[PDB]
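Just the one chain here, laid out as structure tokens, in the form deposited in one PDB entry.
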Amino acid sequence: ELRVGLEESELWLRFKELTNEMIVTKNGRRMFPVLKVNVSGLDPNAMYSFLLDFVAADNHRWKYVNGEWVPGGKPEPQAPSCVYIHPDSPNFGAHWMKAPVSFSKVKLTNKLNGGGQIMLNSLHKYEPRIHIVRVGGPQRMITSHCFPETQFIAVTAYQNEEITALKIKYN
């Protein structure tokens, strides 16, 4: 069975219990913590591409009001985010299973941009999601996995200084 696990869940859970935040910029900012995924049960010899996207966890705008994140009352449907291809793609099962698949080079932006960068809506809450796509093979196959532990609100600057401190402590 294809097994997908989150590396350093311990640390992600510290961020999550405070409400995690990720900076977005016009040029695009890398993520801390980095999404690192443990994958077992691939065909070592089959060919796969690893895809990352961000699901809008709800349809609301969030604001930091008197030291607390609170959703707006005016939901709007959230268009699905663009997909980031792990730059090791495509590659053999063996490659993907020999070390955690680490999305260290994805950049989160607030502006439609050249390419690579993933545009998110500021003050929306996001749930990272991967797709493992069997490529080249006779039968195309996709397996998808969500990472609740890695939810965050996209921000142009940190609101909760407890997050600022955790980010610095662990970077």
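Shifts are known only where both forms have a C-alpha. Just count from 1 along the sequence shown to find any residue number. Between two forms, the rigid core is defined as the largest C-alpha subset superposing within 1.5 Å.
Below, we refer to the form deposited in another entry, which is not included among the displayed structures.
Open item on the list: Could you check, with the core superposed, whether the Cα atom of residue 139 shifts 2 Å or more between the shown form and the other one?
Closed with: For residue 139, whose C-alpha is compared between the shown form and the other one after core superposition, the shift is 2 Å or more.
Open item on the list: Once you overlay the rigid core, does the Cα of residue 88 travel 2 Å or further between the shown form and the other one?
Closed with: It does not reach a 2 Å shift.
Open item on the list: Flagged pair residue 94/residue 137: C-alpha distance shifts by 3 angstroms or more in the other form. Which direction, closer or farther?
Closed with: Compared with the form shown here, the C-alpha atoms of residue 94 and residue 137 sit farther apart in the other form, by 3 Å or more.
Task: Residue pair residue 80, residue 37 - Cα distance in the other form, closer or farther (3 Å or more) - done: The answer is farther, because the C-alphas of residue 80 and residue 37 separate from each other in the other form by 3 Å or more.
Open item on the list: Once the rigid core is fitted, tell me which blocks of three or more consecutive residues have Cα atoms all displaced by 2 Å or more between the shown form and the other one.
Closed with: Shifted segments: 73-81, 135-140.
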